[PDB]
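Before any comments, here is the structure.
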Ligand SMILES: CCOP(=O)(COc1ccc(C[C@H](NC(=O)O[C@H]2CO[C@H]3OCC[C@H]32)[C@H](O)CN(CC(C)C)S(=O)(=O)c2ccc(OC)cc2)cc1)OCC
């Protein structure tokens, strides 16, 4: 499909057996999801943007389905205000910018 | 053009007669540029990101050319980690997400 940018590009994702709304974010290197109790091991990490840095938990090889397109990669979990789908997963679903 | 996301979607912009590099950021509502001198009046404003809020200077109806495409809109200037082109201007240049 094609998504215009009049409004926030919010889509439904599926992760860890749960449906959520997430933002398709070409300005995000990595994927950052709201607090959730995913199973398995993780590693502490800090990511920064406007306003400073936040602490997150890095989970690897997590499967996410974005609009029916599957993707496997690293997911950061922490006190983010919004679920953010970053380039590490956007590339896997064939997402491009076009103008 | 069509832009893949294996690398950061960085493009050259021209604002106030000066060339800069900026990030096409579909997760940003607004356009935020690093500290710089712009002519005309400005109003102090605040915007919030992943790590909290920052103080910016709001410039309205500013000419800005993004990868050869002209836009006239709001540009925020402040201590952002990187120049980001947000949806307010991405819509003006006809930018969409596609997968
Ligand atoms: C009132 C303000 O609303 P809020 O609920 C913040 O809600 C957000 C936070 C972050 C994003 C993604 C980034 N957008 C954003 O900051 O937009 C700004 C500018 O326009 C406004 O619209 C949304 C918030 C303004 C951007 O797209 C990606 N960032 C990097 C970029 C700044 C270079 S990031 O989120 O900081 C990031 C993601 C993954 C990473 O992997 C290592 C690193 C960094 C969207 C909405 O309250 C704050 C306390």
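Protein chains in written order, with UniProt numbering: chain A, 1 to 99; chain B, 1 to 99.
Here a beta-carbon is modelled for each residue, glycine too, at the ideal position from N, C-alpha and C.
- [ ] Could you list which residues in chain B have their beta carbon closer than 9 Å to that of residue 87 of chain A, in chain order?
- [x] The count along the first chain starts at 1 and reaches residue 87 of chain A at position 87. Neighbours of residue 87 of chain A on chain B, chain order: 5, 6, 7, 8 and 9.
Open item on the list: Under 8 Å, with one C-beta from each stretch per pair, do the stretch 66-83 of chain B and the stretch 28-39 of chain B reach the 3-pair mark?
Closed with: Touching, per the Cβ criterion.
TODO: Would you decide whether residue 64 of chain A is buried or exposed? Buried here means 16 or more other CB atoms lie within 10 Å of its CB.
DONE: Within the first chain, residue 64 of chain A is the residue found at index 64, counting from 1. Residue 64 of chain A should be labelled buried.
Open item on the list: Can you tell me whether residue 81 of chain A sits near ligand 1, meaning its C-beta is under 6 Å from at least one heavy atom of the ligand?
Closed with: Locating residue 81 of chain A in the first chain gives position 81, where the first residue counts as 1. Yes, the Cβ of residue 81 of chain A comes within 6 Å of a heavy atom of ligand 1.
- [ ] With residue 89 of chain A as the anchor, note down where its alpha helix (DSSP H) starts and where it stops.
- [x] Within the first chain, residue 89 of chain A is the residue found at index 89, counting from 1. From DSSP, the alpha helix (DSSP H) with residue 89 of chain A extends over 87-90.
TODO: Measure from the C-beta of residue 73 of chain B to each C-beta in chain A and report whether the shortest distance is under 7 Å.
DONE: Locating residue 73 of chain B in the second chain gives position 73, counting from the first residue. Under the 7 Å criterion on CB atoms, residue 73 of chain B is classed as non-interfacial with respect to chain A.
- [ ] Can you give me the Cβ contacts of residue 88 of chain B inside the same chain, cut-off strictly under 8 Å, excluding the 5 residues immediately before and after it?
- [x] Position 88 of the second chain, counted from the start, is the residue given in the question as residue 88 of chain B. Here the set comprises 29, 30, 31, 73 and 74.
Open item on the list: Can you give me the C-alpha to C-alpha distance between residue 1 of chain B and residue 17 of chain B, rounded to a whole angstrom?
Closed with: Position 1 of the second chain, counted from the start, is the residue given in the question as residue 1 of chain B. Position 17 of the second chain, counted from the start, is the residue given in the question as residue 17 of chain B. Between the alpha carbons of residue 1 of chain B and residue 17 of chain B lies a distance of about 23 Å.
Task: Amino acids of chain A, ordered along the chain, whose beta-carbon sits closer than 8 Å to that of residue 51 of chain B - done: For the purposes of this step, residue 51 of chain B is identified with residue 51 of the second chain, where counting begins at 1. Taking a Cβ-Cβ threshold of 8 Å, the residues of chain A close to residue 51 of chain B are 48, 49, 50, 51, 52, 53 and 54, in chain order.
Task: Those runs of the beta strand (DSSP E) which lie wholly inside the UniProt domain "Peptidase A2" (20-89) of chain A and span at least 3 residues - done: Listed in chain order, the beta strand (DSSP E) elements of length 3 or more contained wholly in the UniProt domain "Peptidase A2" (20-89) of chain A are 31-33, 43-49, 52-66 and 69-77.
Task: Cβ contact (3+ pairs, closer than 8 Å) linking the stretch 41-53 of chain B and the stretch 41-60 of chain A - done: The answer is yes - the stretch 41-60 of chain A touches the stretch 41-53 of chain B, with three or more Cβ pairs under 8 Å.
TODO: Measure the alpha-carbon distance for residue 12 of chain B versus residue 22 of chain B and round it to whole angstroms.
DONE: Stepping through the second chain from its first residue, residue 12 of chain B is reached at position 12. Stepping through the second chain from its first residue, residue 22 of chain B is reached at position 22. For residue 12 of chain B and residue 22 of chain B, the distance between alpha carbons rounds to 6 Å.
Task: Short CB-CB distance (under 7 Å) between residue 26 of chain A and chain B - done: The residue you call residue 26 of chain A lines up with position 26 of the first chain. Yes, because at least one Cβ of chain B sits closer than 7 Å to the Cβ of residue 26 of chain A.
Open item on the list: Which same chain residues end up closer than 6 Å to residue 92 of chain A when comparing Cβ atoms and leaving out the 5 residues on each side of it in sequence?
Closed with: Position 92 of the first chain holds residue 92 of chain A. Only 71 meet the Cβ criterion.
TODO: Hey, could you find the ends of the beta strand (DSSP E) residue 15 of chain B is sitting in?
DONE: Looking up residue 15 of chain B in the second chain gives position 15. Element bounds for residue 15 of chain B: 10-15.
- [ ] Kindly indicate if chain B contains any beta-carbon less than 7 Å away from that of residue 94 of chain A.
- [x] Working through the first chain from its first residue, we reach residue 94 of chain A at position 94. By this cut-off, residue 94 of chain A is an interface position.
TODO: Output the distance between the C-alpha atoms of residue 19 of chain A and residue 61 of chain A, rounded to the nearest integer angstrom.
DONE: Residue 19 of chain A sits at position 19 when you count from the first residue of the first chain. Residue 61 of chain A sits at position 61 when you count from the first residue of the first chain. So the two alpha carbons sit approximately 18 Å from each other.
TODO: Helix, strand or coil for residue 3 of chain B, going by three-state DSSP, please let me know.
DONE: In the second chain, the residue the question calls residue 3 of chain B occupies position 3. Secondary structure at residue 3 of chain B: strand, using DSSP grouped into helix, strand and coil.
Open item on the list: If we define contact as Cβ-Cβ less than 7 Å, is residue 91 of chain B a contact residue for chain A?
Closed with: The residue given as residue 91 of chain B occupies position 91 in the second chain. Output row for residue 91 of chain B: interface = yes.
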